[PDB]
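Trainee: One structure, pasted below without further comment.
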Amino acid sequence: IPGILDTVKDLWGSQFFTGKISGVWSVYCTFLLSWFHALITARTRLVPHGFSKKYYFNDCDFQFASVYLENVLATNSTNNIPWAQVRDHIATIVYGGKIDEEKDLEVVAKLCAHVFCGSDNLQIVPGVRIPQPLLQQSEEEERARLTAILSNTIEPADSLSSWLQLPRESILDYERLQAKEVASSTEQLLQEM
Amino acid sequence: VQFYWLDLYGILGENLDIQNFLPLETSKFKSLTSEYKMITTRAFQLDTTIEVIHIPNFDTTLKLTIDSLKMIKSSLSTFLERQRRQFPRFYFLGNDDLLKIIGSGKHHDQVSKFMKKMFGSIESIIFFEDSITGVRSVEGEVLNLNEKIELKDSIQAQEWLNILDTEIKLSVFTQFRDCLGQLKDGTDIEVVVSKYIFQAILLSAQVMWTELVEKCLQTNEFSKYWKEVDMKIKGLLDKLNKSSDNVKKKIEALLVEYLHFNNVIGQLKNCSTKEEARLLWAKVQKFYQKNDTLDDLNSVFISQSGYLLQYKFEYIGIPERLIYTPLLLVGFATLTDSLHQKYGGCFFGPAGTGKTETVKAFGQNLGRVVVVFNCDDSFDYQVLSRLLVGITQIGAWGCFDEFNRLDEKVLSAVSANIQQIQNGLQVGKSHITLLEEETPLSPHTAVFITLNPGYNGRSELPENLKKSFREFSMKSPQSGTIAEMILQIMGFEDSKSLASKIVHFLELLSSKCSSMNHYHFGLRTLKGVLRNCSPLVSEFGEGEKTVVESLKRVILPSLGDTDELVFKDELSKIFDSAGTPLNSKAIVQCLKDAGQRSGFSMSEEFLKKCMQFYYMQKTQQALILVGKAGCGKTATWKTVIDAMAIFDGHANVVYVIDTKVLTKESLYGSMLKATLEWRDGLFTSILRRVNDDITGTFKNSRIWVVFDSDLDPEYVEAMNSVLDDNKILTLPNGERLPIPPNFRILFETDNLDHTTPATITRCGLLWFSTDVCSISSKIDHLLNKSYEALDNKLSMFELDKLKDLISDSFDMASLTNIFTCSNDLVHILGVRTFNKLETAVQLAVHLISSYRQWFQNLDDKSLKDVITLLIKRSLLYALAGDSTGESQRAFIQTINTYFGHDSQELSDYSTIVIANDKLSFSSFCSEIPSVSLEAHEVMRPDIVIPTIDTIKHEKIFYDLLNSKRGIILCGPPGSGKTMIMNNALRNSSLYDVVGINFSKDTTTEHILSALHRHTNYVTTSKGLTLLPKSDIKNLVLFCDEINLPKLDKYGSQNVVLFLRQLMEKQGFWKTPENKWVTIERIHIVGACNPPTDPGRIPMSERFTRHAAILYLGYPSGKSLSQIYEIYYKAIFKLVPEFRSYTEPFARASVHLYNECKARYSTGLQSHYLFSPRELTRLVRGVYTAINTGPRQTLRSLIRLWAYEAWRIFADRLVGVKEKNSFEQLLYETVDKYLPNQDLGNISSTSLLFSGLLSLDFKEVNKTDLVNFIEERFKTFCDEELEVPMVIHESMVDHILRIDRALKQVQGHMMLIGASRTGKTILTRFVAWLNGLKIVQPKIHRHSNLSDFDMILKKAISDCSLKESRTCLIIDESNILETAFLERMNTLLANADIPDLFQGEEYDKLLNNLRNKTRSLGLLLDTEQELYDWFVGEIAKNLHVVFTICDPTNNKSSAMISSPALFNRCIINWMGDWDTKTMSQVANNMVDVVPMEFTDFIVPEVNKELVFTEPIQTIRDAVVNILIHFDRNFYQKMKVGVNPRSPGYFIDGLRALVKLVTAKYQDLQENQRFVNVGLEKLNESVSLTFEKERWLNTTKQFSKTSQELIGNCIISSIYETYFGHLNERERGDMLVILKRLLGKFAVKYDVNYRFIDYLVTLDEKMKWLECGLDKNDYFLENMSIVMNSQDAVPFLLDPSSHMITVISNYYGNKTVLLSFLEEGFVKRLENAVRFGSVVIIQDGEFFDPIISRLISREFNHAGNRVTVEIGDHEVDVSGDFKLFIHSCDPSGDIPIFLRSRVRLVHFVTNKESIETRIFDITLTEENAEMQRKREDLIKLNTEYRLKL
């Protein structure tokens, strides 16, 4: 477990070559995809409440999306492509392979509602500090042109869970459970100190 | 070589002549021929291999032809491989298929026999006179081929088919182009589809609409296109008609797709729908097409979302039409995504709700053939790899149905290759190393793994593969939309409303229904309902009522009344005005008339169920009925046979087959290898005969096959190709026999719950209840059965008169209540009305059979009077005999329900009174043989006194015998089992009774071979009737332990199965001769014991459905007097003046028994079983005792009697204190009856009688008797037995007892006791004594029971032909197995192993026994009598005795149950040694040596001395010391104080004895030496220090010598039991011994470090220098047992401590030399011959290095060392003492050597740790202290030696 940003910016490094695509709005969306990816993995860190199941989210599917996105990116820079529907299926198709519960579906749906657009120069999550016009700029070579610049908007006590759109109370619920867990662990140990 | 020639017999011959083969190969076939001409023409005579290698000039014939042969044989496989490489579809065909193809390459028509292996969706090639006009798809539509494809010989099967490949696709391409040329102009699809393949037409239909909708997608239109679609649809709907089944289907496809367009348009029309970008149409599957391509395959495009694919155009016809749903379509979309990434699939979800139906639909939609593989089975993946060579070369698709359900090799093999498939796939590698071969890749192939709800949802696929696959979470099909769409397609005008109701008839159904486990309501369930509804619509079903009509017709018959109105309401709520009327009149007329004929009541539910069945015989090709044979299940079947014969006017030709009675081969066939031939089995001969002469003559006779059995995969999967639905025999041998439509299969059972519903549901199914058979119906049948009577002698005239007379008794009989009361009786197996009625009537009519001559010749009043009395009696017997007599007493109280003799109070009940043939009758008064057995025949088995009850058993038995019924008794061996049986048997030789032995491993074949030996057959007509080898005599076969054979995998009573096909089915369908067998006068009777008991079979009730039963228990005290007193009566015939013992003698034994049995429960100890035959054992022993003396005084009477009595009873028992109580029970019983004689000496002593002296009633003082053997055994123990234990009074007791046994006939006995503790030796001794050959087995784990069979045959010939005297001894450690035991079990059972000696053994017996009869002056060529004497001879010399210890897995009965052995075997629990006799031994031991040194007085001090012998001397001391030593060491069960060997302390004493001189001389020599020091010194007189010190040393040991012996007894603990015994039992003397040997007066030193005290530490030091781990006391001590231990110190070395030690011990010494012979273990001997140090190597476990028979040979072997020395064990001295250096803690050690072994420990533990810790820290600072004090120890010993 690293931070979300860590996941995002390091992912951009692992996906270095993606933004070589002439689609400068594609690399814009590439940035978005990594923001998305990190956030959903942060939610899977919270299974079974931040996400009901340990689903194998990965960078191959990151790349499958770049293909699927590429399938619509032929005209998605313009209003020809209703990317709201694209959002729907990058999720259900690229990331929905073996997703089983409709709750997780909606969970992801909220995240993509908070992450993607086909147009460049837009505000996505101002909580991350994203109202950016970064365009003909690489996810790695030009990360710091505007995205590494974005500061640490993470609460020490919260992911923010509001970035994940999850409640502090569920964190607190787990915390009580954690007490039950670590205490009951010592229950056996404790038999002889 | 000739088997290559056998291959080539066919093949060379073939291709020799067929010059068409490659001239290279052809000339090679001829080069074969240059020599082969001899290989076959010379071998025309000399054909086989051995003959071929003997042909004239085989020297060059083989050589050169075999040269060419092997060139060819391999060339040929590569020749056809060449063909396979040239034509990839040949990789779907075997090499041999290609041999056929190339021989017939010319004959392309012959080549086409493998056409399916060579292609996709093609039914047949449409061709004529050597040229193809077109092809027909599997769907029925025909593709015209535009070019005529010549089949000219020279075109080769290869190119021939390649031509068609292109021709087919071309006429597809271009005729499609023609077709779309029209359709694109709006041409009516009917036109071009009439002229062409709809699939391609669909492509255009899709294109038409895909393009047409674009203008509604421009928003310009909406309804235009929407309407236009439904306008086109409307026309198409009108077209859709049965008139062309095939085109109808084409239309159906079209309309589904038009509907999809309609729907999309419906929303494009009814939605804002962001034009073509709204998923509404954007996500939709679209088609476009063009003719502008350089490759015709690219003419049509498939697209959805941002995906585009090209249709592959592989010829498929119209293969699917899966109703698509939004969900399925999404699924397809995802499938194409994986195609983009070249990943394989991961379908998640079950077939039938999708999975398989969807991956197929998908592939078809793409246009390429896919090979769907059924992966969950035992398939040779190499075959797949071969297929894959072709597949990859082709570019074919492949699906893996349940892929992950593989074994490891297949899984991993394909993991490696699939890895490369996917690797090379991703790479695009044209040549992928498939099985390491660079296989050409046509980049179109694909991997589709599918899986039903995975095991726990797991990604079962190994990661190795998973990386290249994509997930497909299928959740659910859309049932109702699927249904609705279909209903629309069905032309069912209510469609939607039907569907909306359909889903809720089901929803509600599944909701409130019961757990009908056999029922499921899934998608395919729904599909089935429709399939049925379809014809119901054609049969005028009234709309929604059709749906319900179907529902009435399906499922509900398989469901029970657990739902009844639950499903009525669950369904009715959805549609209440439901169902149409059934009017099956001609049908029911046939049915109902059939019922009336058969005599069934034609009950409502009978006829109803039967009518439901009728609908199923119409609609199903097979039906399963779950229910009861003889009650509806078969009554219905019967009725149906008749009804359909009538109804159809087509005889119902049924072939009922009892499934498991016959093998699959029996039914289907097999083959011969000598001349090469297929053998036709029954079922298949039937079916071919159906085509040859059943329907081959009776064109439409109804034909049926019935399978009677329960359900399990193994016996049902084999029937699928006919049974499921196909009704076509399609055998693996190519024998295809379309089975006529009038053919049906019925499967009858009682329970299907053994497999999955996936299979269960594929059939008609009746949830049959047995109440279809009303008792009134049953009665109606019984009345009708009177006219079926009986014997040929009975005209039934008088019977019909009696029927009328007894018909009145059926009018509301009290039996309507008595049957309830009979069911209220206590019984073991189930009781039901049909068998109650059966036995009542069968006996009654055979009682009546005597009325044909006893009372037919008398008047009707006589018929009336006695049949009334006698049938009441038989009714009472029918409902009584089978259970406990007390319950029968209660049962006969039901007499008070009968208004005539209404009295339960009858004294002489009708069952007390017996009827006579003269119309007389009387109370059956006791006629129990008063004056009877007097002498001589006293022990002759058949003298068992018959008693009134057994006579009544015989009265009825007689009529049951007349009834030809197999009564089965329920009771035990020993309770009259055999006695009564024989008494019954001997009453009528007319009935040839055969004692069949039911062992756990007895098979039907054993029975059959007996029949072969004793039966023959006749044919009054061609029927095949079994006749005993002689006529007239009735072959009453007999079954003994029916409930003690084994059951199969599913618990099936397979011996009962055959018992039943013999019984129940009255015969056997000759599967050798293909003919039903009937029987003449062969009968059969059985028996068993209570099923409730351990190891007994819960008997099939269908089996018992036709059985008669009699309960058998133990006799009463009075009756024991009545029977056994007679036996004792006989005995007193020889002593008139003492004959008076008469009654009280018998009665003492009667009552003693009563209590003895009560006294000793099995709760106390299992085998504590009792029987009245023990009284016979008293009879036996006593009579023979009488025969030796001159007068039997009463003292002498009872002494023999009483001493015998405990030998019969007490010797079989374990508990010694309990035995004491029995002594009193015995004592007191005789005290009751004959107390005036000397009961004190008789019962208090265990005194023996003259044996070594003639018996003559003489008591011999056991002392004296011992005195006799003190001399006798010195000679019989001719320096051979090698064991020196002391003959206690018990040992001589053993001796008397075993010998008497050795002097009796049928010497059958069990000895239970401790391992080689004299119980063995004992027998060895008496062999010397008596002089018999002794059987003793020597088994090593490479043997088997056939070696045993040799031995058995050997032994029986040894006794009778060799004519030797012997005794067979059984060694429990050599018990190989059960079947092994089973031979010997029957051996004893009937004194025979039936047909062991048959065949050539029998014939050798005929020859050699006749040779003996010539030498014997006998005229016994009569083979019967001849072998009768053969076996008589054996019985007098074999005498099987078994010896057993209880430390293992032998069934807790100390034998594997066998009730038969229980009532035959003599038993004696030997057990263990007495503590007082062990002190006797010890006494004798210490008496040998000077234990009594005067220095010692009474030496131990620290505690225990309670109740010891007045301790005065040292032998007094030492012995009593050692008594408390080992009595307390040990106690408390750690290892187990309740059972243990004494040897541990016995040899402890031996060592101590050795030490009485060893340590004594240490001392005495030291005394000499101090004297030596004193000599000069005494007059040296300068100093006194030294002098006095010497005097002081004498002072020291003058006391210390004694102090030391106290300490020395504790030193022995280390050897005694310490080394195995653990804390609970170790600790009972561990330090407690130091604390307790005591009181005897000399000091215990609280210090007991015997590691120092016993041995000089320097030997251990050197072992420490050799790496000895000094750690644990006993650990480091093992270096000493290495250097001193006799019982082999098994070097257990998982730790491998001794490898280190022995290797350093070895040092500069070599491995082994002195005695130097391999013996039988050269494996070790040759591994050690080098000169010096070794043990048995290192880690060298026994099972590898040494065989099991070394045990004895290790101990000693005359085969290795000679008597000129006297030694027997080999000279393998200390340095090279071959100790088993084994790392195996569980090494093979039998329960005798577990005692005779020194197991040695070599591992560290937690107890050391703490000190290790200390030591480290302690010495880390304070080692200096140790350095100093240890140096001082060194110096001290310097000075000791200086002293």
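Naming works like this for the structure tokens: A, B, ... for the chains as they're shown, residue 1 at the start of each chain, ligands 1 onward in shown order.
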Output the contact residues of chain A with respect to chain B at a cut-off of 6 Å, based on only C-alpha atoms, as a ChimeraX atom specification.
Mentor: /A:71,97-98
Trainee: What's around region 47-52 of chain A at 12 Å? Count only C-alpha atoms, leave out sequence neighbours fewer than 4 positions away in its own chain, and write the answer as an NGL selection string.
Mentor: :A and (39-43 or 57 or 99-108 or 111 or 159 or 161-171 or 173-174)
Trainee: For residue 1272 (chain B), list every protein, DNA or RNA residue within 10 Å, evaluated using only C-alpha atoms, and leave out those in the same chain fewer than 5 positions away; present the list as a list in words.
Mentor: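 Non-adjacent residues within range: residues 1252, 1266, 1267, 1277 and 1329 of chain B.
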Trainee: Generate the output file for the selected residues, C-alpha atoms, as a PDB file, in the first residue's frame.
Mentor:
ATOM      1  CA  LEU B1252       1.919 -89.249  28.998  1.00  0.00           C
ATOM      2  CA  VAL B1266       5.872 -82.056  34.929  1.00  0.00           C
ATOM      3  CA  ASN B1267       8.374 -84.560  36.186  1.00  0.00           C
ATOM      4  CA  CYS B1277      13.432 -80.413  22.377  1.00  0.00           C
ATOM      5  CA  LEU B1329       6.075 -84.998  20.521  1.00  0.00           C
TER       6      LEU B1329
END
Trainee: Write down as a ChimeraX atom specification the residues belonging to region 30-148 of chain A that are assigned alpha helix (DSSP H) by DSSP computed on the backbone.
Mentor: /A:30-44,59-73,83-89,102-113
Trainee: So that I can see what lies close to residue 419 (chain B), please list as a PyMOL selection string the residues with an atom at most 12 Å from it, counting only C-alpha atoms and leaving out residues fewer than 3 positions away in the same chain.
Mentor: chain B and resi 343-344+411-416+422-427+432-435+447+461-469
Trainee: Can you spit out the residues from that selection as a tab-separated table (two decimals), in the first residue's frame, using N, CA, C and O atoms?
Mentor:
chain	number	residue	atom	x	y	z
B	343	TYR	N	-6.83	-12.97	-26.59
B	343	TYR	CA	-6.87	-13.70	-25.33
B	343	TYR	C	-7.91	-14.78	-25.39
B	343	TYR	O	-8.85	-14.70	-26.18
B	344	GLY	N	-7.72	-15.81	-24.59
B	344	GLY	CA	-8.67	-16.89	-24.59
B	344	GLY	C	-9.81	-16.55	-23.66
B	344	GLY	O	-9.74	-15.55	-22.95
B	411	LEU	N	-3.47	-31.31	-17.65
B	411	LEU	CA	-3.50	-29.89	-17.38
B	411	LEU	C	-2.16	-29.25	-17.64
B	411	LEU	O	-2.09	-28.23	-18.31
B	412	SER	N	-1.10	-29.82	-17.10
B	412	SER	CA	0.22	-29.26	-17.27
B	412	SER	C	0.77	-29.43	-18.66
B	412	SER	O	1.53	-28.58	-19.14
B	413	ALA	N	0.38	-30.51	-19.33
B	413	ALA	CA	0.84	-30.72	-20.68
B	413	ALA	C	0.26	-29.67	-21.58
B	413	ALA	O	0.97	-29.07	-22.40
B	414	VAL	N	-1.04	-29.43	-21.42
B	414	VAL	CA	-1.68	-28.43	-22.23
B	414	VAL	C	-1.30	-27.07	-21.70
B	414	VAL	O	-1.28	-26.12	-22.45
B	415	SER	N	-0.93	-26.96	-20.43
B	415	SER	CA	-0.49	-25.66	-19.98
B	415	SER	C	0.75	-25.26	-20.74
B	415	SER	O	0.86	-24.13	-21.19
B	416	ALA	N	1.68	-26.18	-20.91
B	416	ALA	CA	2.89	-25.87	-21.64
B	416	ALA	C	2.60	-25.56	-23.10
B	416	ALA	O	3.10	-24.57	-23.64
B	422	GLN	N	-0.87	-19.62	-27.06
B	422	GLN	CA	-1.18	-18.25	-26.82
B	422	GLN	C	0.05	-17.39	-27.03
B	422	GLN	O	-0.06	-16.27	-27.50
B	423	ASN	N	1.22	-17.94	-26.74
B	423	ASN	CA	2.46	-17.22	-26.97
B	423	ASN	C	2.61	-16.95	-28.43
B	423	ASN	O	2.67	-15.81	-28.85
B	424	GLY	N	2.65	-18.02	-29.19
B	424	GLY	CA	2.76	-17.95	-30.62
B	424	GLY	C	1.60	-17.20	-31.21
B	424	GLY	O	1.76	-16.53	-32.22
B	425	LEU	N	0.42	-17.27	-30.59
B	425	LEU	CA	-0.73	-16.51	-31.05
B	425	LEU	C	-0.44	-15.03	-30.98
B	425	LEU	O	-0.62	-14.32	-31.97
B	426	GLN	N	0.03	-14.59	-29.82
B	426	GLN	CA	0.37	-13.19	-29.60
B	426	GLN	C	1.52	-12.78	-30.48
B	426	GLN	O	1.51	-11.70	-31.07
B	427	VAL	N	2.49	-13.67	-30.61
B	427	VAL	CA	3.65	-13.46	-31.45
B	427	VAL	C	3.27	-13.42	-32.91
B	427	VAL	O	3.85	-12.68	-33.70
B	432	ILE	N	4.54	-22.97	-34.58
B	432	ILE	CA	4.57	-23.11	-33.14
B	432	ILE	C	4.94	-24.52	-32.74
B	432	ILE	O	4.38	-25.47	-33.29
B	433	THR	N	5.87	-24.64	-31.79
B	433	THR	CA	6.38	-25.94	-31.35
B	433	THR	C	5.36	-26.77	-30.57
B	433	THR	O	5.47	-26.96	-29.36
B	434	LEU	N	4.39	-27.31	-31.30
B	434	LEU	CA	3.35	-28.15	-30.74
B	434	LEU	C	3.91	-29.52	-30.58
B	434	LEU	O	4.31	-30.14	-31.56
B	435	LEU	N	4.04	-29.95	-29.33
B	435	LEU	CA	4.74	-31.19	-29.03
B	435	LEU	C	6.16	-31.10	-29.55
B	435	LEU	O	6.73	-32.09	-30.01
B	447	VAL	N	-8.81	-20.04	-28.79
B	447	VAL	CA	-9.01	-20.79	-27.53
B	447	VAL	C	-10.15	-20.24	-26.67
B	447	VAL	O	-10.05	-19.13	-26.14
B	461	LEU	N	-7.98	-22.04	-13.43
B	461	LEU	CA	-6.94	-22.00	-14.43
B	461	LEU	C	-5.64	-21.52	-13.78
B	461	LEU	O	-5.66	-20.54	-13.05
B	462	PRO	N	-4.53	-22.23	-13.97
B	462	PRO	CA	-3.20	-21.88	-13.49
B	462	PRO	C	-2.82	-20.52	-14.03
B	462	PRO	O	-3.11	-20.22	-15.19
B	463	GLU	N	-2.13	-19.71	-13.21
B	463	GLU	CA	-1.71	-18.36	-13.61
B	463	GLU	C	-0.91	-18.38	-14.87
B	463	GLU	O	-1.05	-17.49	-15.72
B	464	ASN	N	-0.08	-19.42	-15.00
B	464	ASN	CA	0.71	-19.68	-16.18
B	464	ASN	C	-0.09	-19.41	-17.44
B	464	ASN	O	0.44	-18.88	-18.42
B	465	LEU	N	-1.36	-19.79	-17.42
B	465	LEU	CA	-2.24	-19.59	-18.54
B	465	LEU	C	-3.07	-18.34	-18.37
B	465	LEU	O	-3.17	-17.56	-19.31
B	466	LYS	N	-3.61	-18.11	-17.16
B	466	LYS	CA	-4.56	-17.02	-16.89
B	466	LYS	C	-4.17	-15.69	-17.46
B	466	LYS	O	-5.03	-14.95	-17.95
B	467	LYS	N	-2.89	-15.37	-17.42
B	467	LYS	CA	-2.40	-14.11	-17.95
B	467	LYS	C	-2.92	-13.80	-19.37
B	467	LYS	O	-3.06	-12.63	-19.73
B	468	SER	N	-3.19	-14.82	-20.17
B	468	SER	CA	-3.65	-14.63	-21.54
B	468	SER	C	-5.13	-14.89	-21.76
B	468	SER	O	-5.53	-15.23	-22.87
B	469	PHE	N	-5.94	-14.78	-20.71
B	469	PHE	CA	-7.38	-15.00	-20.83
B	469	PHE	C	-8.19	-13.84	-20.28
B	469	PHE	O	-7.69	-13.05	-19.47
Trainee: Residues of region 1378-1591 of chain B in strand (DSSP E) according to DSSP, as a PyMOL selection string?
Mentor: chain B and resi 1441-1444+1466-1471
Trainee: Report as a ChimeraX atom specification all protein, DNA and RNA residues lying within 8 Å of region 385-394 of chain B, evaluated on only C-alpha atoms, omitting residues in the same chain fewer than 6 positions from it.
Mentor: /B:88-92,434-435,439-445
Trainee: With N, CA, C and O atoms retained, could you export that selection as an mmCIF file, in the first residue's frame?
Mentor:
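Output (out26.cif):
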data_model
loop_
_atom_site.group_PDB
_atom_site.id
_atom_site.type_symbol
_atom_site.label_atom_id
_atom_site.label_comp_id
_atom_site.auth_asym_id
_atom_site.auth_seq_id
_atom_site.Cartn_x
_atom_site.Cartn_y
_atom_site.Cartn_z
ATOM 1 N N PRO B 88 -4.551 -30.897 -43.720
ATOM 2 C CA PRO B 88 -4.739 -30.668 -42.287
ATOM 3 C C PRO B 88 -5.979 -31.303 -41.683
ATOM 4 O O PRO B 88 -5.979 -31.654 -40.509
ATOM 5 N N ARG B 89 -7.041 -31.486 -42.469
ATOM 6 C CA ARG B 89 -8.216 -32.150 -41.920
ATOM 7 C C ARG B 89 -7.948 -33.595 -41.612
ATOM 8 O O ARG B 89 -8.663 -34.200 -40.821
ATOM 9 N N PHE B 90 -6.900 -34.153 -42.193
ATOM 10 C CA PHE B 90 -6.513 -35.499 -41.877
ATOM 11 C C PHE B 90 -5.973 -35.615 -40.451
ATOM 12 O O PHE B 90 -5.862 -36.717 -39.931
ATOM 13 N N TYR B 91 -5.709 -34.494 -39.769
ATOM 14 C CA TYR B 91 -5.287 -34.566 -38.378
ATOM 15 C C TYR B 91 -6.464 -34.735 -37.442
ATOM 16 O O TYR B 91 -6.284 -34.800 -36.231
ATOM 17 N N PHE B 92 -7.662 -34.846 -38.003
ATOM 18 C CA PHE B 92 -8.847 -35.125 -37.245
ATOM 19 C C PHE B 92 -9.240 -36.568 -37.461
ATOM 20 O O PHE B 92 -10.215 -37.050 -36.888
ATOM 21 N N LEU B 434 4.395 -27.315 -31.297
ATOM 22 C CA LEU B 434 3.351 -28.148 -30.737
ATOM 23 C C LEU B 434 3.915 -29.519 -30.576
ATOM 24 O O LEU B 434 4.309 -30.145 -31.556
ATOM 25 N N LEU B 435 4.043 -29.954 -29.327
ATOM 26 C CA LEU B 435 4.739 -31.194 -29.029
ATOM 27 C C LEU B 435 6.162 -31.096 -29.551
ATOM 28 O O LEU B 435 6.727 -32.090 -30.007
ATOM 29 N N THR B 439 4.733 -26.418 -35.998
ATOM 30 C CA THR B 439 3.467 -26.593 -36.684
ATOM 31 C C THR B 439 2.944 -25.301 -37.293
ATOM 32 O O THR B 439 2.769 -24.313 -36.581
ATOM 33 N N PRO B 440 2.665 -25.300 -38.604
ATOM 34 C CA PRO B 440 2.152 -24.201 -39.402
ATOM 35 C C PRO B 440 0.904 -23.637 -38.772
ATOM 36 O O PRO B 440 0.008 -24.363 -38.359
ATOM 37 N N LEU B 441 0.859 -22.318 -38.719
ATOM 38 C CA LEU B 441 -0.247 -21.630 -38.131
ATOM 39 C C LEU B 441 -1.015 -20.759 -39.082
ATOM 40 O O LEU B 441 -0.509 -19.758 -39.583
ATOM 41 N N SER B 442 -2.257 -21.126 -39.252
ATOM 42 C CA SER B 442 -3.234 -20.339 -39.939
ATOM 43 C C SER B 442 -3.884 -19.467 -38.888
ATOM 44 O O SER B 442 -4.694 -19.962 -38.099
ATOM 45 N N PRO B 443 -3.503 -18.188 -38.834
ATOM 46 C CA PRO B 443 -3.887 -17.147 -37.877
ATOM 47 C C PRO B 443 -5.376 -16.844 -37.816
ATOM 48 O O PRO B 443 -5.780 -15.696 -38.003
ATOM 49 N N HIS B 444 -6.179 -17.849 -37.525
ATOM 50 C CA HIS B 444 -7.603 -17.693 -37.381
ATOM 51 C C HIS B 444 -8.099 -18.521 -36.233
ATOM 52 O O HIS B 444 -9.195 -18.280 -35.757
ATOM 53 N N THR B 445 -7.276 -19.454 -35.756
ATOM 54 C CA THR B 445 -7.620 -20.323 -34.644
ATOM 55 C C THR B 445 -7.787 -19.598 -33.327
ATOM 56 O O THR B 445 -7.220 -18.528 -33.121
#
Trainee: Can you tell me which residues surround residue 1667 (chain B) at a distance of at most 10 Å, considering only C-alpha atoms, apart from same-chain residues fewer than 3 positions away, and format the answer as a list in words?
Mentor: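 The neighbour list is residues 1661, 1662, 1663, 1664, 1670, 1697, 1698, 1699, 1700, 1701, 1702, 1703, 1704 and 1705 of chain B.
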Trainee: Quick one: of A:193, A:135, A:148, A:91, who's nearest to residue 10 (chain A), counting only C-alpha atoms?
Mentor: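 Of A:193, A:135, A:148, A:91, the one nearest residue 10 (chain A), counting only C-alpha atoms, is A:148.
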Trainee: Show which residues sit within 9 Å of region 77-83 of chain A, as a ChimeraX atom specification. Count only C-alpha atoms, and ignore same-chain residues fewer than 2 positions away.
Mentor: /A:23,25-26,72-75,85-88,116-120 /B:274,277-278
Trainee: Using only C-alpha atoms, find the one residue out of B:1548, B:579, B:1144, B:10 that sits nearest to residue 546 (chain B).
Mentor: B:579
Trainee: For a test of reading the model, state the distance in Å between CA of residue 1686 (chain B) and CA of residue 1672 (chain B), rounded to one decimal.
Mentor: 21.8 Å
